[PDB]
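A.B. asks: before I ask anything, here's the sequence and the deposited coordinates:
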Amino acid sequence: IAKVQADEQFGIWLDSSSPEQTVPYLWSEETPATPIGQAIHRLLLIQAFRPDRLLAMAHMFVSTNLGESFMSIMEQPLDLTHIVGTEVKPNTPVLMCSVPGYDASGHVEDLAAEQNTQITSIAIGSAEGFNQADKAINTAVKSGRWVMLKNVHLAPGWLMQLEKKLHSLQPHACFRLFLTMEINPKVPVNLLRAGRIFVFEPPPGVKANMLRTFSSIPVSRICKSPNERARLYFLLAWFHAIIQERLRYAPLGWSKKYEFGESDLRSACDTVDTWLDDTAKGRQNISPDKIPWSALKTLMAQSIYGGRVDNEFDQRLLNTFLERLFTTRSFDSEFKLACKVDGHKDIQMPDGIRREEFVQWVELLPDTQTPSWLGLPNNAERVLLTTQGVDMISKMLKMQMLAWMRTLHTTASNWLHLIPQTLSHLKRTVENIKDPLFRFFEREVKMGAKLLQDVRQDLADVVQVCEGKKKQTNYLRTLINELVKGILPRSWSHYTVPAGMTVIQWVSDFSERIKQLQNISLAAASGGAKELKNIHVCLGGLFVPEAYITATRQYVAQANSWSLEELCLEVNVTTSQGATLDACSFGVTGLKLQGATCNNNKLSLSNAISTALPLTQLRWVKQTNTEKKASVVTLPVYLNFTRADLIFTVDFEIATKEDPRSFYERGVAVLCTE
Amino acid sequence: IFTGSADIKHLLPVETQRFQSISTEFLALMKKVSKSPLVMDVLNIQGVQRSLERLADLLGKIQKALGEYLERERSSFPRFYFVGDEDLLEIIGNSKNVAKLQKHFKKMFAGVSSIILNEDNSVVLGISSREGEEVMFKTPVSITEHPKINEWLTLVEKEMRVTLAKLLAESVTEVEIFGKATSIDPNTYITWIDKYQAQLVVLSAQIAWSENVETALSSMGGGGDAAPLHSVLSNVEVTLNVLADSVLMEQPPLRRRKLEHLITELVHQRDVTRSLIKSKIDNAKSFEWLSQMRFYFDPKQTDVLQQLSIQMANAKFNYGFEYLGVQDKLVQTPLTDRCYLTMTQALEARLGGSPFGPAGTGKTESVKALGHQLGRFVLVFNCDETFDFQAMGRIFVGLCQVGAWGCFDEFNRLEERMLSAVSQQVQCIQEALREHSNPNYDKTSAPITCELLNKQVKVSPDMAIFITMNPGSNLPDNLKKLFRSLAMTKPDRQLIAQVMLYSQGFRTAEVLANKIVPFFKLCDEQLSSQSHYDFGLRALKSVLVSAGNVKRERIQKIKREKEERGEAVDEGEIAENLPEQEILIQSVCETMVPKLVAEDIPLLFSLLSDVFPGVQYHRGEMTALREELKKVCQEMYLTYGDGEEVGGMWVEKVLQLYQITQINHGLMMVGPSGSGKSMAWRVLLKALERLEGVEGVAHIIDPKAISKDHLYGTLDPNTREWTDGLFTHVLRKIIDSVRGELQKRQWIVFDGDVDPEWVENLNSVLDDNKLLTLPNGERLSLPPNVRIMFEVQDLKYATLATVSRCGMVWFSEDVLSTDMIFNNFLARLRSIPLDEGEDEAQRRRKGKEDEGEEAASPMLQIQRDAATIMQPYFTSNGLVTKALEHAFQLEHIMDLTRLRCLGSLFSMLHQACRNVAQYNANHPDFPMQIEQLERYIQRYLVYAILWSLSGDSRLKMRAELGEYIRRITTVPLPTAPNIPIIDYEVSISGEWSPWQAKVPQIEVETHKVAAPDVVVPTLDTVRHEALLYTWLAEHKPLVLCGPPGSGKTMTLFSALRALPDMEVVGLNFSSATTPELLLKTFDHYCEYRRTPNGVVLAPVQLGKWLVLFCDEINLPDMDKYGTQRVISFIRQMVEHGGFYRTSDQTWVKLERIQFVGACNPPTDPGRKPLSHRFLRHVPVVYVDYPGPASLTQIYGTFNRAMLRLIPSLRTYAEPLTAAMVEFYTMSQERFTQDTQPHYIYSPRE
Ligand SMILES: Nc1ncnc2c1ncn2[C@@H]1O[C@H](COP(=O)(O)OP(=O)(O)OP(=O)(O)O)[C@@H](O)[C@H]1O
Ligand SMILES: Nc1ncnc2c1ncn2[C@@H]1O[C@H](COP(=O)(O)OP(=O)(O)O)[C@@H](O)[C@H]1O
Ligand SMILES: Nc1ncnc2c1ncn2[C@@H]1O[C@H](COP(=O)(O)OP(=O)(O)O)[C@@H](O)[C@H]1O
Ligand SMILES: [Mg+2]
Ligand SMILES: [Mg+2]
């Protein structure tokens, strides 16, 4: 901490693109540390300072320990020849697992072609398929023939029988079995244990995605008249690549990882073919105006791709892509597929009108893809990298788990000391019962106190059993296993929490929530009912924040005698500390803005990870039939950073000249908690 | 098979003769074996084995031949694949008895439920639907010229399609001249609507609108003016105005549903036309128009099936012309527009549709609506536990052959193996369907076949399969590449309600919908979570329909009131001067208030006044039924109140129950224990009997006291004989009406918890079908007067299927105030004598007023005096109420209920009055006067409150309740400084007397010093013997609980043996205990005497009563849904005073039977806590360990008896006993059960 203030050149390293390459010396030690010690110390420094570059520091730490070229052989493409001809027993099935949506049979086909060894390929999933597979295997055992069995993941039982058969065989040296498949938990463990597993992931990259798409589509199908079909297919392939790559950066890109696969690609291609044939009537060329852009946009937004989209905002984002790409302006020579790649360069549409020119253009894409290609902000890569670093640390920690009574006892004692003791229930008064805010806060404090007593009793009993003074009941053993292994107990899950959340984070947030509830209860006791309206409550702290929004609406409707269905929410962000609250305004704290900054209640795009709103004020005003302005954008307010729970949709106004389409594409949203 | 049909022999002449020959030989062998039934004689029969192998071979062959014939019949008319083997046999065999086919038409067809036959049943004149709607055939089919079921049934189907096509053609002809007009006459429009079928009217409106829009766009493409679309929209507006004016009036239900369908369709048509006008669509080929469902009608086509084409986007279909009857039109919300677009796109590419989303969004409903819009037979497969797997391959074969759609309800809830099998079948079928899409495939000859049931089945191009999913999981891996998925995340409830209210005549439908939808959201959120709370879209639809009905009833009421006087009536004028919000709020409250718990009613009203401001609910009173309820409550000693008055909530609950009986045929009372459910429905039944003049009979049928087989009946696996179960026997007895049972109101109350085992067969009964199916095959139709009722405690183990199928009234425990229970006790004491047995019991029924019989017995006079004395203590702010409220704060070994304490207190006050009677009978010269009676009654009241409220607790907490009583009471108490008031007793004299005066220091002899039949009297012993005598003189199922070895069974035996009239039958219970044990005890120690009133179970020993000691009530194990079966049996047989037999199925009334039992604390391992419904009747006594002083006294007596043998050592009797007691206490406070489970140290040690 002292060295942080004493270094003036810290900013140039902290904001550097690759800080992990040159980590300045910031540790105090008695003797000059060895290079491995320097590597581990710099790894800790990067983890604390720039967690996004944790993977990059990790690679050099591995290079320092195990040699630079330790990870080099992974980067090179897999060589089937030596691995199949040698170091694989003929009775060991080669399990070619692949991520769903990507095949791996072509690699083996090329291997067999190069090795000039004849091979048969068999589909799996039908009875005659099983019979043909058995016959081909039996023929191959006595003839040294290679056998493919495609999509064996569909029949786990037949997989168990096939593994049992392969155990009791006398295979010929030239014989080899190739089981291509997809990642699926239904497959037997015995087959995986007795085979040389190979994982074939699709190579990331928009360019790689469009090369895969263009190779999948036959050249004859694209070459069909009119020649506008080639450009339509290129637009469709670009759109598919954009959404498939955007799936990776989740939940910023897509609110959840949808299954945008090859089936949607084929359906979209069929739709384009049918509608272009209908409109063209066989003419060699058609004007871009005459192309049914509206039909393609509607079908690709509602049925082909939007069928799997459930969230409304994801549907809006898909609509933005489809309206930006599929338009008559796309055939112009200066059409920009992506804007603001690095702030200056913009990707332009190739001028060619033939499939070969489109393939030549896509092969010429620079191998410097950034999230700005997808419309995402440039810091999305940093978020993904830091998420991967956290996951990698968690993975190694689970690895290192393979005596504990004292550790569990002291952890539980610290937790009990940290967690507050009691919650006082709100007193029911005949005057207070009519207040909707009082009713909501009463429900909150009652259920929170129930949870608090439950958790405290469980923790105290855990402390006692860790002292060897109480018996272990079934609930107790289950809870002890959950706490030891780190999984959040199912009993302490009466309110929504982010998925994959460790117990310690849950305890911290639980203590924060009970502190907030203690403050609310004290204020309610002191003021009765007036103070509950003028309290600044964090929407993240509340267990059911949508119930809080409903309570605010009910209170505004009752106080002003307006009907509840004639109220709309207006959001004003005030930076002043302790700003005055109107009779129909409620303070909100803790709201975090993602991908934008709000100044004078007016959004502006920013590259920061997140921006904290000082004091959000929710006002309920009478509904007005005035049309929404063109500079007004609707932002979701997700409960947590997973963007899996929607609570309410606020409205905000755009600053200067900023396109709301960019706001939709950048994933701008409000989070109750960070 | 060959005896249950008459035509079966004709169809299979070789087979029937073959079986007949087999049957003759088999009957000969049966007679031969009957002559010599001995096994050795059986094995010595000459060549029996060869003939038997021949019989087995031949029987298998004919069974196979029969299967082959059934398969041929199914393949020759595809729709038989939808109906089972036995029903197939019934249809094929009852050719002459055509009237027996009417009950299977609802499975083969969609809306066809019957066939209109000729006078002699030889010509099928037409088709009748489920609603009574009929279609008349253009060319009726003749059974005479086509005797085979196959041919004439196929001709029925074909010519039904033909007549529907012709009807639609002429309907379009009429609706064209309807459309080309600026003003339509309502009379001719209503004539057109009535004269044609609902489906056909809807299709005609759709065709007319589509052709008008097409012509308008075609003219616009050449002209460039928007006038034609404006004209079309104006015509639609005029038609909607006419329809609203018509639906505001009074219409028959069929015409009313047709009007509703037409309004729902024309609203969507108007919305589409407005969108087209706003978008400025000029050419007819624009996708802004092509995206909508368009209908093209060409009567010039020779084939009727190809006459009509339905096209939207790229996909184009042909109307299947399946006759659907009066289905439920869907609103066509934009979410359903997305559904239609996605599903038609999927079918155009030959992919099945798989909508997914949360329940209630309208997935399967939207799929069914899409199928009905194309006129395709659509089946919905409920994927719940009511899953018919074995016949589903046949169903898929039928779908392939006939061209009917098939939709699953929730495909994920299938078990893994069923899921995999159905997935494989669906994958094969979908691959066969996709094979239709190959451009290179020849269309002239397209024999597309699919592998199903190990055979090739032709797959019709028109058939499709939909798999409805629900995340939280996803489609199976093999079906992921063949199905187009759609997200049904949220229906647009606002437009749902707006359109449906506009169809009900509500002028201000938009505001009402925008209010009602968020109100239902608030009801779902704010209100406490309950299992029976239904706030989905279906409940909203039902509420809106009820609101429309209420508005029409108000309009009719106003019209009749005006016609009674001398003013004219205008329907529009009345409708305009009518508050719609009040009608809607009344409908919502009537539908939803009874289902709510007590605390949620103020929440409902707060939310409802918030959303609907300034409007109020006026309760609809029923003055006649109100007076009848008051009279009946007065008759049987109940407290009656109106509105806010005491008892008003209970009467409101009874009125709600009456409304539910009027509306629904099945209903539930889901109030907690001791809430007044039984009394509520009893008083309602008797009030209805006294008002309507129809005698009411109730059949309380406990569902868990007997097994499911004993309840529904079981069929013999060998002889195929059918035995009627209890419920089935009751229903059959009502249906037969040998004694005019159809003229009487039958209420089948179950009075037991509901779990998804014995309610599975009741699901068909609770449906709208009102039919009961049996394993034998008989179908029992529920009579209109039969009302299935459930009187349960909670709904913790009840499926949503049975809850949603029946109305419900929630009887919150706040309904039964303690004041009315006190009033009931006081009235019963003041009227019903206790010394009476069989006499003075029916005479109460004989006496409407009981005039002249006031001083019938001195018992009545003394209990009236006693009640007058104790009246100032049973008021609202009385001693007993405050004591009960305080004791609720106190903790008890068993969970505490108000009515348990109140019943115990009432029983001991009854014993007090009986003691007064005994003293009066023993003192004829000086009877007890008012002053002494008052002293004794007050003292015994304090004693009884103390022993009833704290009788379940331990010692120092009993003293706590005693000191509470002392500081709250005014009656004088014992003046001793430091003694518990529970230690004191009340003698016949007013003053108290310590229990120690009745604890003699007896001297046991040398022998039997530790014999089991030795009870040294102690304080606890004498108190408990007195309490046992008090609670056995009332003949209650008394229960004693305490730590093992405390002395429960011993003190019970000692108290019971003092009465030489009861013999104890010790019964030891455990986890394997069943009511069968009680049945064996009954048929061993008792007999079923056939009293003319009814079958009576009485002990063999006349004059002596029977007590059944149940040693461990708790040990009988809770089922997987709780509620121990033997406990429920005991509850039924102590509350209703009888039980139902398992052989005769008749009511058996007990006589001279008691059910005194013992227990252990529920905190001990393996002690299942008792249900409140059983604990309510039974008093509970805490028999704790004797403690130091009692142990010293008893075992000092025992040691003196010991050392009397050795005269020298008798001087050490008391030191030795003191040593024993101290060592025992130290051991007991040292080895706690926490260290080891076997460290219990009872006085048995
Ligand atoms: N309206 C009333 N006025 C006075 N006393 C009443 C009233 N309703 C019920 N009681 C008394 O309270 C008792 C409880 O009512 P009831 O027997 O109908 O309850 P229940 O709901 O069937 O009970 P459980 O669910 O525990 O089996 C009645 O037996 C009667 O003594
Ligand atoms: N668009 C709609 N118009 C009218 N009613 C609807 C609509 N969507 C759903 N509903 C109602 O909601 C209920 C949903 O039931 P159902 O569709 O059978 O189950 P699920 O919604 O789980 O598929 C239906 O009873 C239906 O009446
Ligand atoms: N006041 C008493 N008079 C006589 N025996 C007593 C007394 N108090 C306790 N006991 C002894 O305590 C024992 C009680 O055991 P018991 O009631 O049979 O246990 P459980 O109720 O579990 O069957 C008896 O064996 C009896 O000898
Ligand atoms: Mg459903
Ligand atoms: Mg009852």
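C.D. replies: Noted; the coordinates are in hand. Numbering: from 1, shown residues only, chains lettered A, B, ... in the order given. Ligands and ions are numbered 1, 2, ... in the order given.
A.B. asks: OK, contacts around residue 436?
C.D. replies: Answering for chain A, as no chain was given. Taking CB atoms under 8 Å, 6 or more residues apart in numbering or on different chains as the definition of contact, the neighbours of residue A:436 are A:550-552, A:554-555, A:558, B:610. In this view, the C-beta of every residue, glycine as well, is placed from N, C-alpha and C.
A.B. asks: you looked at the wrong chain, it should be chain B
C.D. replies: B:350, B:446, B:448, B:459, B:461.
A.B. asks: excluding its backbone neighbours, what's nearest residue B:419?
C.D. replies: Taking CB to CB, 6 or more residues apart in numbering or on different chains, and ignoring the residues beside it in sequence, residue B:419 has residue B:476 as its nearest neighbour in space, at 6.8 Å.
A.B. asks: next one: the one you found relative to residue A:122, how far apart?
C.D. replies: 21 Å (CB to CB, to the nearest Å).
A.B. asks: in what element of secondary structure is the residue sitting nearest the centre point of chain B found?
C.D. replies: Centroid check for chain B by CA atoms, centre = their mean gives residue B:802 as the closest residue, at 4.8 Å. Element membership for residue B:802 (DSSP states H and E) is helix B:800-804.
A.B. asks: contacts for that helix next, please.
C.D. replies: Residues from elsewhere that reach helix B:800-804, judged by CB under 8 Å, 6+ apart: B:384, B:531-532, B:534, B:668, B:754, B:756, B:759, B:762-763, B:766, B:795.
A.B. asks: neighbours of residue B:841, how many?
C.D. replies: The number of residues packed near residue B:841 is 12, by other CB atoms under 10 Å in any protein chain shown.
A.B. asks: ditto for residue A:375
C.D. replies: Count around residue A:375 with other CB under 10 Å applied: 23.
A.B. asks: any figure for the gap between it and ligand 2?
C.D. replies: Using CB to the nearest ligand atom, to the nearest Å, one gets 34 Å for the distance from residue A:375 to ligand 2.
A.B. asks: now residue B:305
C.D. replies: Taking CB to the nearest ligand atom as the criterion, residue B:305 is separated from ligand 2 by 29 Å.
A.B. asks: which helix or strand contains that residue?
C.D. replies: Secondary structure from DSSP H and E places residue B:305 outside every helix and strand.
A.B. asks: please tell me how far it sits from residue B:325.
C.D. replies: According to CB to CB, residue B:305 stands 20 Å off from residue B:325.
A.B. asks: and what of residue B:211?
C.D. replies: Plainly put, residue B:211 is 26 Å away from residue B:325 if you go by CB to CB.
A.B. asks: run a quick neighbour tally on residue 106.
C.D. replies: Picking chain A for this. Around residue A:106 there are 11 other residues, counting by other CB under 10 Å.
A.B. asks: my question was about chain B
C.D. replies: Residue B:106, neighbours per other CB under 10 Å, totals 16.
A.B. asks: how far off centre is the strand or helix carrying residue A:134?
C.D. replies: Following DSSP H and E, one finds residue A:134 within helix A:127-141. Helix A:127-141 has its C-alpha centroid displaced from the chain centroid by 42 Å (CA atoms, centre = their mean, to the nearest Å).
A.B. asks: picking that back up, who has more neighbours, residue B:305 and residue B:325?
C.D. replies: Ranked by neighbour count (other CB under 10 Å), residue B:305 and residue B:325 place residue B:325 first, with 20 against 17.
A.B. asks: secondary structure element holding that one?
C.D. replies: Taking DSSP H and E as the definition, residue B:325 sits outside all helices and strands.
A.B. asks: same check, this time on the one 10 residues further on
C.D. replies: Under the criterion DSSP H and E, the helix or strand holding residue B:335 is helix B:334-348.
A.B. asks: quick check: next helix or strand after that helix?
C.D. replies: Sequence-wise, the next helix or strand downstream of helix B:334-348 (DSSP H and E) is strand B:352-356.
A.B. asks: can you tell if the following helix or strand past that following strand touches ligand 2?
C.D. replies: Later in the chain than strand B:352-356, the nearest helix or strand by DSSP H and E is helix B:363-373. Yes. Contact between helix B:363-373 and ligand 2 is present through B:363-365 (criterion: CB under 6 Å from any ligand atom).
A.B. asks: what residues of stretch B:910-926 count as buried?
C.D. replies: Under the neighbour-count criterion of 16 or more other CB atoms under 10 Å in any protein chain shown, stretch B:910-926 has B:910-917, B:919-920 buried.
A.B. asks: try stretch B:290-297
C.D. replies: If you call a residue buried by 16+ other CB under 10 Å, then stretch B:290-297 has these buried ones: B:290-295, B:297.
A.B. asks: name the nearest residue to residue B:1205, sequence neighbours excluded.
C.D. replies: Distances taken as CB to CB, 6+ apart put residue B:1006 closest to residue B:1205, at 5.8 Å, once the chain neighbours are dropped.
A.B. asks: where does that neighbour fall, phi/psi-wise?
C.D. replies: The main-chain torsion angles of residue B:1006 are listed as degrees, to the nearest 10 and equal phi -60, psi -50.
A.B. asks: measure the closest residue to residue B:334 other than its chain neighbours to residue B:517 for me?
C.D. replies: Here the nearest residue to residue B:334 in space, its sequence neighbours aside, is residue B:492; by CB to CB, 6+ apart that works out to 6.3 Å. Note on residue B:492: its distance to residue B:517, by CB to CB, is 9 Å.
A.B. asks: and the two? Which one has more around it.
C.D. replies: residue B:517 (21 against 14).
A.B. asks: what helix or strand is that one located in?
C.D. replies: Residue B:517 is located in helix B:509-526, with elements delineated by DSSP H and E.
A.B. asks: contacts made by that helix with the rest, please.
C.D. replies: Everything outside helix B:509-526 that qualifies as a contact, by CB under 8 Å, 6+ apart, is A:439, A:546-547, A:550, A:554, A:563-565, B:493-499, B:501-502, B:506, B:533, B:535, B:539-540, B:543-544, B:580-581, B:584, B:588, B:592, B:603-604, B:607-608, B:610-612.
A.B. asks: and if we set it to 7 Å?
C.D. replies: Taking CB atoms under 7 Å, 6 or more residues apart in numbering or on different chains as the criterion, the residues outside helix B:509-526 that touch it are A:547, A:550, A:564-565, B:493-494, B:497-498, B:501-502, B:506, B:535, B:540, B:580-581, B:584, B:603, B:607-608, B:611-612.
A.B. asks: mind listing which of those are in helices?
C.D. replies: Those of these mapping onto helices are A:547, A:550, B:493-494, B:497-498, B:501-502, B:540, B:580-581, B:584, B:603, B:607-608, B:611, per DSSP state H.
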